[PDB]
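Novice: I would like the atomic coordinates for the input below:
(chains A and B)
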Amino acid sequence: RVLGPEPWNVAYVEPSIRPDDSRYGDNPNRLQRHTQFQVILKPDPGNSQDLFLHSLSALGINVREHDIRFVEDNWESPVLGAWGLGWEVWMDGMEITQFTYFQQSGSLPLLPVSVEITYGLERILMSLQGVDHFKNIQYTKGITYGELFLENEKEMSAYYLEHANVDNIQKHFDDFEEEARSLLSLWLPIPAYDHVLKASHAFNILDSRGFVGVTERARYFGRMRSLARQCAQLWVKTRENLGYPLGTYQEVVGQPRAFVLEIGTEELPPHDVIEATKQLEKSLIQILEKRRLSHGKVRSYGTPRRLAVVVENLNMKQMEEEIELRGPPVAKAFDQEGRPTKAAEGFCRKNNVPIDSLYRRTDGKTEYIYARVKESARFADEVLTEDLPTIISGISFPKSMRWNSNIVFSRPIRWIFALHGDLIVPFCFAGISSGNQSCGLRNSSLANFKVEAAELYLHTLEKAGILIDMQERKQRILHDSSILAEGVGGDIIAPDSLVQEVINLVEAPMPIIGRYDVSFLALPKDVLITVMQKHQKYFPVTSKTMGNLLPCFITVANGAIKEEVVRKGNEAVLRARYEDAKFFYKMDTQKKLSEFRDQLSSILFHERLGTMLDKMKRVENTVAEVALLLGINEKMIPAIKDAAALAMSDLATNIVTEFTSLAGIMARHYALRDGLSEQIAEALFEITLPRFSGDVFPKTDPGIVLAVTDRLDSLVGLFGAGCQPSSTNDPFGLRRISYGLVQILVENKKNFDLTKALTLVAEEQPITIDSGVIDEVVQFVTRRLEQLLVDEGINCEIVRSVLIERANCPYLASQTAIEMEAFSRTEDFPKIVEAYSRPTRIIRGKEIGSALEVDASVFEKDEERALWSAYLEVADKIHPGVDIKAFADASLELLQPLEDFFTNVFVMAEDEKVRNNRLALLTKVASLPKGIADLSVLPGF
RNA sequence: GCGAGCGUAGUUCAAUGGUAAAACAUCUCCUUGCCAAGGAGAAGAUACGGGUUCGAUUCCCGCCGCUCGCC
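Specialist: Numbers count the residues shown, from 1 in each chain, chains lettered A, B, ... in the order given. And now the structure:
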């Protein structure tokens, strides 16, 4: 009932049962059956998030005292085929509610869009009551929540988890599927959807029991997606054959003054402020001067809910000067006794100057009749009315919404404040008429004010608390955090990829210190800081003497905050996330690390080639040779192989399934603790480097072998088994995987062979690899090397004349392409590029049959006896792997006997048989540079 | 999967509302001949389709290819 034109304001309460989250009722947060509260509003009323905050203080919360935050989180579900954009609501660190605008459902777009608010009533009641474990929540006066739902939590888990008969469910799945597919032919949507409901249930208690393998999930999701995809198209029609019984949705001259334009919004993401406070100022800078208007210091600003721009002392009229303008040539328009044909009139009509006010000028060919024009001063406030809406509509985001019309933006626009001097610039955009009002800090005494003159805008804004200048929020975060961190004895850890995302989550910052327990310090350091940074957005604190962690953290509130309830509320969320990660860790140190391999066989890699255990199986059997292609020392080929079986073992651990960014850290941590060598453990970490664009590369010796051998397999397998990247679409990430393999080499001084390693790591795969499909992987790698090499300030014509035969070993190519440009800029390049061109053109094909023929059989020539000597004494130096400088000094002395041979000897055949000496003697001199550079492409030939 | 930027002789690049320029390559004519080099001349392009305007390579829409970020 969100599909159609039908208005549907409704709100209900329902439990929700998901069995794979059943944990016998012991961990205080996860339940197999939890109550929700759902409210859907269609159409969107407009107050849709000022009714929410009345709801909160209705259920007894003090919203001027706690810290309510709208942190963005999109929503998508492919099974139903729906998605939407919106936020989640953090009260004092706890995520309590989701808030979404819908845009797809089934597979047909929505009109009008719906608003979905979904409270979760057991994560709210533990916070509002000071309780850590759900079985202490007071249900009513006298009875507890545990004493009602505990054994249902306890023994429905044993059913969904161990004793669920798993074939009388595999049959019921297909039975329900068939019945729902049949009742979609008598045109009955209601039961034909209830059967989809009770089939997608029976799939969950299959998945929980583990009976679903790894390759059946892609089939089950498909089987059940096209049932919801085609119940929708039946419902939306059976509605309209009734006639929609619930209505239908249809719809002056003076000195210069400043000019300020703000576009209020609802909370934008943290990185849609940065890429939208630029393509607005640029798009304004252009159009201010395109229309002949002069100004001064233009300056942008940003906040999660406004995007302001200020242009100072803007003009009051256009510049109003007369400019020349030339039109069509005298050939097209002008003619003898036929001057106005069809073009002269079109050239004067759009300019309305009289037709006898034209003259001629030597415009190249003394043509292009023309005249003058006027600029038409237009008061600088009726100009902007025409050009602002196309400014504001210009900004473009990757993800975008619709709320009440077909206009698209990233979040709904709520107010527009655009003024100039004292007067308002009047226009309208997306149903909002511009004015001079603005909302300050929400839920304050200045939640609505009006600014009179545009020169006291900023001074009024920061009179309501807001700090809009983005670069003066960083300096009030990182400078009131230091006093706190030094009051306890330490200092903060602020990677500037976290400050750029803490700045744009706040409007008027306020920092607070908090304490967590000391007995959590036994965890690894890089799980503490990852909990405190990548999920909660806190600041850790490290004692600057003996620089390890302390039991403190720093959090950033927003506004007029009680700062006695928010510290106490934040201290008790990462007393729970730590308390879960500690249980996971203690469950992971129960077994030696070498046993976590045999769980790997339940992670999919690719369908027709398999899991991850087989892939890591196909690497121990080849990492004993890629250490010979790289020329690794002999006394380390043992110490690599035992660190190759343990590789990628931590990917089945309990932690790494929860914190999927610690793949690689929590393998070295276990390995060192188990009692391996140091270099084994350190190599167990760089099988993952680099993880993205711009990360450290493997430096140790056994760290390169594995990081190369993995990237060879994930290339040859994915290529020779269907998934080729031939598209703009990038599945399986075949671009960065191929890009990193050349950086691990050019950054590490290694000599490799791309056409021998790919003839040996393809031999192993399960599917057959023919010699033709590895000749495209070499090209897909060489193009990536060329792109890496061009954008280092290199010239484009030399990197295509070294990559013809030095393209195999990616280090020597990147070595000899930088060393060739510096030689190309010196004044010996035109001597050599010609010296080698006189004997490669002259031999464009004359049936040289006797292959070698270089002999003194009959060499009765004069200059031959002095040319072949030079060829031998240079060819004795140039070996197939020499550098470019020995070449560039060994050909300069060969260039002279060339012009002493061509001067006299008549190479072409005046005799019948003996004219092949004179041909081979130049074929050889032409072929010497085969292996160093392909000299027949460079210009100047 | 979505966005962003691009497409001009054979290769590299200037221009813009209305006679699309130059470099290297190609061709012909020269002759201390066949190669090279110095000289004159000639031919050669806006990926494709649609829209307004008198005229679009330029402004608008749609299709094809390429490069790059996220998934």
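
Novice: how about the closest residue to residue A:388 other than its chain neighbours, what does it touch?
Specialist: Closest residue in space to residue A:388, ignoring its immediate chain neighbours: residue A:427 at 5.7 Å, by Cβ to Cβ, 6 or more residues apart in numbering. Using the backbone N, CA and C atoms, a C-beta is placed for each residue, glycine as well. Shown in contact with residue A:427 (Cβ atoms under 8 Å, 6 or more residues apart in numbering): A:384, A:385, A:388, A:389, A:418, A:433, A:434.

Novice: tell me which residue of the stretch 101-250 of chain A lies closest to RNA strand B.
Specialist: As assessed by Cβ to the nearest atom of the strand, RNA strand B sits closest to residue A:104 within the stretch 101-250 of chain A, at 10.8 Å.

Novice: report the buried residues of whichever strand or helix holds that residue.
Specialist: Element membership for residue A:104 (DSSP states H and E) is strand A:94-105. The neighbour-count check on strand A:94-105 (16 or more other Cβ atoms under 10 Å) flags A:94, A:96, A:97, A:98, A:99, A:100, A:101, A:102, A:103, A:104, A:105 as buried.

Novice: identify the bridge partners of the closest residue to the third one other than its chain neighbours.
Specialist: In this case it means residue A:97. Take residue A:97 and drop its neighbours on the chain: the residue closest to it by Cβ to Cβ, 6+ apart is residue A:89, 4.2 Å away. Note on residue A:89: beta-bridge partners by DSSP bridges are residue A:70, residue A:97.

Novice: quick one: residue A:89 and residue A:66 touch, right?
Specialist: No: contact criterion Cβ atoms under 8 Å: residue A:89 and residue A:66 do not qualify, at 11.1 Å.

Novice: higher neighbour count, the two?
Specialist: residue A:89 (21 against 18; other Cβ atoms under 10 Å).

Novice: would you mind measuring from that one to RNA strand B?
Specialist: Applying Cβ to the nearest atom of the strand, to the nearest Å, the value for residue A:89 to RNA strand B is 24 Å.

Novice: list the contacts of that residue.
Specialist: Applying Cβ under 8 Å, 6+ apart to residue A:89 gives the contacts A:52, A:68, A:69, A:70, A:71, A:95, A:96, A:97, A:98, A:99.

Novice: as CSV, these with distance to residue A:564 would be great.
Specialist: Shown next, in CSV, are those (distance: Cβ to Cβ, whole Å):
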residue, distance to residue A:564
A:52, 25
A:68, 17
A:69, 18
A:70, 23
A:71, 23
A:95, 22
A:96, 20
A:97, 24
A:98, 28
A:99, 28
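
Novice: dump those to a markdown table, plus distance to RNA strand B.
Specialist: Shown next, in a markdown table, are the contacts of residue A:89 (distance: Cβ to the nearest atom of the strand, whole Å):
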| residue | distance to RNA strand B |
| --- | --- |
| A:52 | 28 |
| A:68 | 28 |
| A:69 | 23 |
| A:70 | 21 |
| A:71 | 18 |
| A:95 | 21 |
| A:96 | 26 |
| A:97 | 25 |
| A:98 | 20 |
| A:99 | 22 |
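
Novice: which of the residues you listed sits closest to residue A:258?
Specialist: The shortest approach to residue A:258 among these belongs to residue A:70, at 31.6 Å (Cβ to Cβ).

Novice: that closest one touches residue A:269, doesn't it?
Specialist: No: here residue A:70 lies out of contact with residue A:269, judged by Cβ under 8 Å, at a distance of 10.8 Å.

Novice: what's the longest helix along chain A in contact with?
Specialist: Using DSSP state H to define each element, chain A has its longest helix at helix A:217-240. Residues outside helix A:217-240 that contact it (Cβ under 8 Å, 6+ apart): A:3-4, A:6, A:78-81, A:105-108, A:177, A:180-181, A:184, A:187, A:189, A:192-193, A:196, A:199-200, A:203, A:207, A:212, A:607.

Novice: and the next helix-or-strand element following it, what does it pack against?
Specialist: Remark: after helix A:217-240, the chain's next helix or strand is strand A:257-265, criterion DSSP H and E. Judged by 3 or more Cβ pairs under 8 Å, 6 or more residues apart in numbering; DSSP states H and E, strand A:257-265 is in contact with strand A:309-314, strand A:413-420.

Novice: could you redo the last one with a cut-off of 10 Å?
Specialist: helix A:281-290, strand A:309-314, helix A:384-392, strand A:413-420, strand A:437-438, helix A:458-461 (3 or more Cβ pairs under 10 Å, 6 or more residues apart in numbering; DSSP states H and E).

Novice: which residues of the stretch 701-850 of chain A fall in helices?
Specialist: A:701-719, A:736-746, A:754-757, A:774-790, A:810-824, A:829-835, A:838-841 (DSSP state H, counting those that start in this stretch).

Novice: got the CA coordinates for the first one in PDB?
Specialist: Read it as helix A:701-719. In PDB, the C-alpha atoms belonging to helix A:701-719 read as follows (Å, rounded to 0.1, in the frame of the first residue of the first chain):
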ATOM      1  CA  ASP A 701      61.500 -10.200   1.200                       C
ATOM      2  CA  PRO A 702      58.900 -12.900   1.700                       C
ATOM      3  CA  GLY A 703      56.100 -10.300   1.700                       C
ATOM      4  CA  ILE A 704      56.400  -9.700  -2.000                       C
ATOM      5  CA  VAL A 705      56.200 -13.300  -3.100                       C
ATOM      6  CA  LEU A 706      52.800 -13.800  -1.700                       C
ATOM      7  CA  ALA A 707      51.300 -10.500  -2.600                       C
ATOM      8  CA  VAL A 708      52.400 -11.100  -6.200                       C
ATOM      9  CA  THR A 709      51.300 -14.800  -6.300                       C
ATOM     10  CA  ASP A 710      47.800 -13.900  -5.100                       C
ATOM     11  CA  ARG A 711      47.300 -11.200  -7.700                       C
ATOM     12  CA  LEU A 712      48.400 -13.500 -10.500                       C
ATOM     13  CA  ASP A 713      45.700 -16.000  -9.600                       C
ATOM     14  CA  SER A 714      42.900 -13.600  -9.100                       C
ATOM     15  CA  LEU A 715      43.700 -12.300 -12.500                       C
ATOM     16  CA  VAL A 716      44.200 -15.400 -14.600                       C
ATOM     17  CA  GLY A 717      41.300 -17.200 -13.000                       C
ATOM     18  CA  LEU A 718      38.700 -14.400 -13.300                       C
ATOM     19  CA  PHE A 719      39.900 -13.700 -16.800                       C
END
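
Novice: that one near RNA strand B anywhere?
Specialist: No: no part of helix A:701-719 sits near RNA strand B under the criterion Cβ under 7 Å from any atom of the strand; the closest distance found is 14.1 Å.

Novice: surely residue A:260 and residue A:458 touch.
Specialist: Yes: Residue A:260 lies in contact with residue A:458 (Cβ atoms under 10 Å); the separation is 8.6 Å.

Novice: quick one on the thing from earlier: would you mind giving the helices of the stretch 701-850 of chain A as TSV with mean neighbour count added?
Specialist: What follows is the helices of the stretch 701-850 of chain A, written out as TSV (neighbours: other Cβ atoms under 10 Å):
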stretch	mean neighbour count
helix A:701-719	22
helix A:736-746	19
helix A:754-757	17
helix A:774-790	16
helix A:810-824	18
helix A:829-835	15
helix A:838-841	16
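
Novice: to residue A:113, which of those helices lies closest?
Specialist: Residue A:113 lies closest to helix A:736-746 among these, at 36.0 Å (Cβ to Cβ).

Novice: state the number of residues packed around the residue in chain A that RNA strand B sits nearest to.
Specialist: With Cβ to the nearest atom of the strand, the shortest gap between chain A and RNA strand B falls at residue A:346, namely 2.3 Å. The local packing of residue A:346 (other Cβ under 10 Å) involves 14 other residues.
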